[PDB]
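First comes the structure, then the notes that go with it.
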Amino acid sequence: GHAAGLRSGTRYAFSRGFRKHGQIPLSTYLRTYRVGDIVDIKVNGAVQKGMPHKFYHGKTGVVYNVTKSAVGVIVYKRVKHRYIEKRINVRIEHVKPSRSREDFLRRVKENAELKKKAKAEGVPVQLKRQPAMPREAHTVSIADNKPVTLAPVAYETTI
Amino acid sequence: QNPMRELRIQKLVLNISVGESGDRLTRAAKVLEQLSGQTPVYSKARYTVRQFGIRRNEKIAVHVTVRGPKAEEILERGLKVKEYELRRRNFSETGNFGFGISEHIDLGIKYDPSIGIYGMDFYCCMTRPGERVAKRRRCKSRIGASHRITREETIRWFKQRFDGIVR
Amino acid sequence: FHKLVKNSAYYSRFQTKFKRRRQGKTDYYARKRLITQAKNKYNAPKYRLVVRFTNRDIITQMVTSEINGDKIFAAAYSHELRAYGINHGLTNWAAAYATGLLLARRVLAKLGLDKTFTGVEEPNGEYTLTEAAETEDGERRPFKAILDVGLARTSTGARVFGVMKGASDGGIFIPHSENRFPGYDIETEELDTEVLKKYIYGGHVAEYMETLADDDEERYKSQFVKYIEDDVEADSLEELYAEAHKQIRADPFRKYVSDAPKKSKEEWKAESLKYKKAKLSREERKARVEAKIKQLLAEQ
RNA sequence: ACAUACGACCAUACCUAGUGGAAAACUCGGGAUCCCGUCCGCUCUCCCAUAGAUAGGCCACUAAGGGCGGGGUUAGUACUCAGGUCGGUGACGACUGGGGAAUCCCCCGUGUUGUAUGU
RNA sequence: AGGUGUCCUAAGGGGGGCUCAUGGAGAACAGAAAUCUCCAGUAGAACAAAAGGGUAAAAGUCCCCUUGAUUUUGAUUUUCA
RNA sequence: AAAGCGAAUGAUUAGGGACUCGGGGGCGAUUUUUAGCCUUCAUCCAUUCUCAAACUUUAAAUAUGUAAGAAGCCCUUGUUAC
Ligand SMILES: [K+]
Ligand SMILES: [K+]
Ligand SMILES: [K+]
Ligand SMILES: [K+]
Ligand SMILES: [K+]
Ligand SMILES: [K+]
Ligand SMILES: [K+]
Ligand SMILES: [K+]
Ligand SMILES: [K+]
Ligand SMILES: [K+]
Ligand SMILES: [Mg+2]
Ligand SMILES: [Mg+2]
Ligand SMILES: [Mg+2]
Ligand SMILES: [Mg+2]
Ligand SMILES: [Mg+2]
Ligand SMILES: [Mg+2]
Ligand SMILES: [Mg+2]
Ligand SMILES: [Mg+2]
Ligand SMILES: [Mg+2]
């Protein structure tokens, strides 16, 4: 049985970067969170209270509780042949709102106006994404862009 | 030049390093207390060397500082004993200087046989008006390059005011 | 010789501090505890009463904090006391009490709670706190703010607590204890409640006048030059401030005009742009180097 | 546009040296009765806004300045995922379908901005 | 390559002021090394102990007041069935 | 992984410039710090040849967390001891 402590193996993960020590920006304490938000976890080494375990560093979850100085988050952990639901308490210095769902929240309101604009006008539109398609036919002119002929080069010693 | 670039005496501090504790230190404190009129301050020993016979955290010295007209008159008396002659190397690169004497009764203190005889050290600090910039608590900053004193200026000031000689 | 500490490698690894800490203006350790609010209360603001002192002025504000900067809710300077009968001693304890009272009335009027929450109206040196007022058979809690003192020392008798005492009598609720007011005896832990009354109306200045005039007439007239030119004596200061107090609680939005030059916003911009020097260009900067080479080369 | 108070990003803002600063502001500044604190009214605290000066703090400009920030070159190179009854005694290497860096060196730049009150 | 079966009424809790290791230049005895003064100084010091992380108007250092090292039970995290 | 050391911490080869009061040896009277004439190590400065599982300013490939709607989006306004 090897050594297995709470913070074993976190030499580089929990460290602050080069030229990024000292004071914490105060906009961290001014954000607001609501039950149902989507946040990601990133441990700050300079705060030793409300720290999450090293497994959750770099994960994304959903808020389920709000208290005076922390939030409760729900994450799913894989243990061999199943998933288990975990609930962790994290101080707000370690959490951050996520941009994972912003693309979806932007397409939903853009689809609403395009649908209503088209319905008012009378011409149908697409309203869903498509993967990149193969290119089409086109003509390329040789005028004042004459091609340059290349050939492989002989071997030579550099040093 | 500008009226705000005139030299003056910031403070004068004198210390006596007896090297041991006991009655000798107490009597070394009385001479400074009588001379200045203020209560002096004891200084302990940071190191511990058996060659000098001192250990950590035992008082071995006494000092005190004065400002204003009191500093000027006491500085005058010491220069009188030194008969207004000083060495060039007594002046530092920041614009200060100092000297010392081997006997405290030379100034004239009505010698008492029950207090012994001590020597002391003289050191005074020069300055200019507007030095509060680097000393205030709020918006503390750094004095400019053209506003600081040099060795040539302070020796010249000493020769004009006290009419002394430095070589 | 010795190693040069400040070489290029020293500069490369150097990490600067926050800009307003380099300027020495804000204490970020205290600021965090002042502005942060419980996440249980989602968007309820926290109101700060900041007070700052200059050589010739007193600055007072009511502030809230946002993500991209602070927002000012009201302001009340000390030079604005001129249009109330006060012209001297603009940075003393009595002026601090008056300019604090001005902001409290100016804030309550903006919120619409001026008719209720009057305050004290008879400045007395007692220790009281603003209570809830009963209206239409119901209670309403008073407006609440906290003091922000900056880098000043909080010793007994400081002028920062003078501004607070005025705002508290103005009608705002500001939590505090009385062990920092002038006239508090730390030995018996009692407040005299009369020395504080003297300080509210500026009585400590007046007693200085009469004592100084009796024992040193030359210093008296050199330090109170502008006080005597307007026939202000030691028996008139108390009624002078009490007059300003009741005028302030009748029209807190009175306008003041100074004797400095007056222009418009567009006029000032045109004036300032004339005294402005522009940076060189690349061609000019290169031509200067070429000229410098010719000078040094021909200098030999 | 300029100044002050409270800020946001936290060096394009830092460090060194040299020249300038309309108006107002900010500053240095003057005095220790009271509140208060020191070995010392140096710092902190109180009183005056008259007198003096932009000397310094503060703002702006300069320097083939050190650092910092952005880009080029290094280079389709080093490395790496998948493949073959491929080469070679081996060490190790080439090819097929893909992904793809970092110094030395060269060029440019030297803060942006929110609320409130004023010049 | 190393560590543990302890140690602390403060080396626990709150508040306030200050800045460290080291270098240069100066001062009677005093010198390589005693005490005093100025300038530079991104932490090169200190934080009971092994090593790693963290900290500059502090988490270091000195000063003032105290016992949240207290009461009643539940939820959650690591090793994990 | 690769890369770096005219970048911090460590390891490491060689010349040059500045220096004397740091040391050593000496030569003009060893006179003498007279830094007189040299001299070698030492120190500082700009360069120079090689390195790191328990070093690092930088930094891949392969792998890895979350999302891609009806239990969604928008307008108005009812309860509470928070
Ligand atoms: K192990
Ligand atoms: K100036
Ligand atoms: K100037
Ligand atoms: K032990
Ligand atoms: K304690
Ligand atoms: K450590
Ligand atoms: K357990
Ligand atoms: K590299
Ligand atoms: K190295
Ligand atoms: K991904
Ligand atoms: Mg392990
Ligand atoms: Mg703990
Ligand atoms: Mg504080
Ligand atoms: Mg440059
Ligand atoms: Mg392969
Ligand atoms: Mg096969
Ligand atoms: Mg403590
Ligand atoms: Mg502290
Ligand atoms: Mg490698």
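So basically every Cβ, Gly included, is an ideal-geometry build from the backbone, and we count neighbours across all protein chains shown. Read-outs: derived from the displayed coordinates by stated rules, not from any lab.
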>> Quick check on residue C:35: is it within 16 Å of ligand 13 (Cβ to nearest atom), surrounded by 10 or more Cβ atoms within 10 Å (Cβ to Cβ) and of a type in the set (A, V, I, L, M, F, W, C)?
In response: yes
> Of all residues in segment A:81-107, how many are outside any strand (DSSP E or B) and either within 16 Å of RNA strand E (Cβ to nearest atom) or under 25 Å from residue A:14 (Cα atoms) (or both)?
Replying inline: 7
> Given the structure, is residue C:88 away from RNA strand E (no atom under 16 Å from the Cβ), away from chain A (no Cβ under 12 Å) and over 24 Å from residue C:119 (Cβ atoms)?
Replying inline: yes
> Which residues, taken from segment B:65-91, are touching a strand residue (DSSP E or B) at 6+ places or on another chain (Cβ under 7 Å), more than 13 Å from residue B:164 (Cα to Cα), not in a helix (DSSP H, G or I) and not hydrophobic (A, V, I, L, M, F, W, C)?
Replying inline: B:65, B:67
> Restricting attention to segment C:13-33, which residues are in a helix (DSSP H, G or I) and either of a type in the set (D, E, K, R) or facing chain A (nearest Cβ under 10 Å) (or both)?
Replying inline: C:13, C:19, C:20, C:21, C:22, C:28, C:29, C:31, C:32, C:33
>> Being in contact (Cβ under 8 Å) with a residue 60 or more places away in the chain, surrounded by 12 or more Cβ atoms within 10 Å (Cβ to Cβ) and not β-branched (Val, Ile, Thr): is that true of residue B:75 here?
In response: yes
>> For segment B:123-144, check the following and say yes or no: at least one residue is of a type in the set (S, T, N, Q), exposed (fewer than 15 other Cβ atoms within 10 Å of the Cβ) and more than 14 Å from chain C (Cβ to nearest Cβ).
In response: no
> List the pairs whose first member sits in segment B:10-38 and is under 9 Å from residue B:66 (Cβ atoms), whose second member is surrounded by 17 or more Cβ atoms within 10 Å (Cβ to Cβ) and among the aromatic types (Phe, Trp, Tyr), and whose Cβ atoms are under 6 Å apart, counting only residues at least 6 apart or on separate chains?
Replying inline: B:13/B:123; B:14/B:122
> Right, residue C:97: at the interface with chain A (Cβ under 10 Å from one of its Cβ atoms), more than 16 Å from RNA strand E (Cβ to nearest atom) and either touching a strand residue (DSSP E or B) at 6+ places or on another chain (Cβ under 8 Å) or of a type in the set (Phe, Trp, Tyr) (or both) or not?
Replying inline: no
>> Here is a check on your reading of the model: is residue C:46 within 16 Å of RNA strand F (Cβ to nearest atom) and under 28 Å from residue B:137 (Cβ atoms)?
In response: no
> Which one is surrounded by the most Cβ atoms within 10 Å (Cβ to Cβ), of the residues in segment B:25-52 that are in a loop (DSSP other than H, G, I, E, B) and away from RNA strand D (no atom under 16 Å from the Cβ)?
Replying inline: B:45
> Does any residue of segment C:43-59 turn out to be part of a strand (DSSP E or B) and within 14 Å of chain A (Cβ to nearest Cβ)?
Replying inline: yes
> Somewhere in segment A:36-55, is a residue farther than 27 Å from residue C:44 by Cβ, away from chain C (no Cβ under 14 Å), out of contact with any strand residue (DSSP E or B) (no Cβ under 6 Å at 6 or more places or on another chain) and within 9 Å of RNA strand F (Cβ to nearest atom)?
Replying inline: no
>> Out of everything in segment A:5-32 that is of a type in the set (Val, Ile, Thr) and within 10 Å of chain C (Cβ to nearest Cβ), what residue ends up being farthest from ligand 11 (Cβ to nearest atom)?
In response: A:32
